[PDB]
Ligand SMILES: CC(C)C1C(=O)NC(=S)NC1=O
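Shown below, as structure tokens, is a lone chain in the form solved without the ligand; questions about how it binds or moves come after it.
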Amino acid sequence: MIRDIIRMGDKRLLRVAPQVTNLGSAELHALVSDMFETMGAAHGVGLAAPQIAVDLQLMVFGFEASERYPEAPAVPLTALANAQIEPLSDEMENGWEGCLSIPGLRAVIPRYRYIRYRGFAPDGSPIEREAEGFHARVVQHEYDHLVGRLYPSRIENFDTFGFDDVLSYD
């Protein structure tokens, strides 16, 4: 079932979400399944549970081909609960971000180029991966949602913030 994606301005995206405590549950599986479906219909690369108004530390992401990027490399389809993130270097990198809670817009955002993230698959088994570049950016972006942060508050260069159909920054 496709959920409504709530848009920026909705208090519910400002919350710090509590942990997922029903790993392996049929309820949790139904929720993630809805998440992938919603992300897919909206052509997202990632989706955080608070974006469909569920106050949980849960995100889905990944894709083979993005209509949106387009030529970002493939990121594996992942559902990850109780995400915690550590950078593996100080190196930052600028890239375009957008949000389905913010349709039409985009901006350039510095993120860590190299991270390890840790958490749980919905069946309860542990996930830990090192990631870089676009992969790492997506997971940093979705994580911010879990902690009530959106991308505008990370913009350093405001010249790069605008509507997707109007921007012409490199």
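The first residue of the shown sequence is 1; numbering continues from there.
There is another form of this protein, the form solved in complex with the ligand, and it is not shown here; the text below is about that form.
Student: Using the site C-alpha superposition to carry the ligand over in the entry with it bound, what's the verdict for this chain: open, or blocked with 3+ ligand atoms inside 2.4 Å of backbone or C-beta?
Tutor: Check flagged, pocket reads blocked.
Student: Is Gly46 near the ligand? Define near as a heavy atom within 4.5 Å, in the entry with it bound.
Tutor: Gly46: contacts the ligand in the entry with it bound.
Student: With the partner left out here, check for me: in the entry with it bound, does some heavy atom of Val138 sit within 4.5 Å of the ligand?
Tutor: Heavy-atom contact with the ligand at 4.5 Å: present for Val138.
Student: Does any heavy atom of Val75 come within 4.5 Å of a heavy atom of the ligand in the entry with it bound?
Tutor: Because no heavy atom of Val75 falls inside 4.5 Å of the ligand in the entry with it bound, the answer is no.
Student: Looking in the entry with it bound, any heavy atom of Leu100 within 4.5 Å of the ligand?
Tutor: Yes, contact at 4.5 Å.
Student: Please state whether every one of the three residues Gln51, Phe134 and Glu142 places a non-hydrogen atom within 4.5 angstroms of the ligand in the entry with it bound.
Tutor: All three within 4.5 Å in the entry with it bound.
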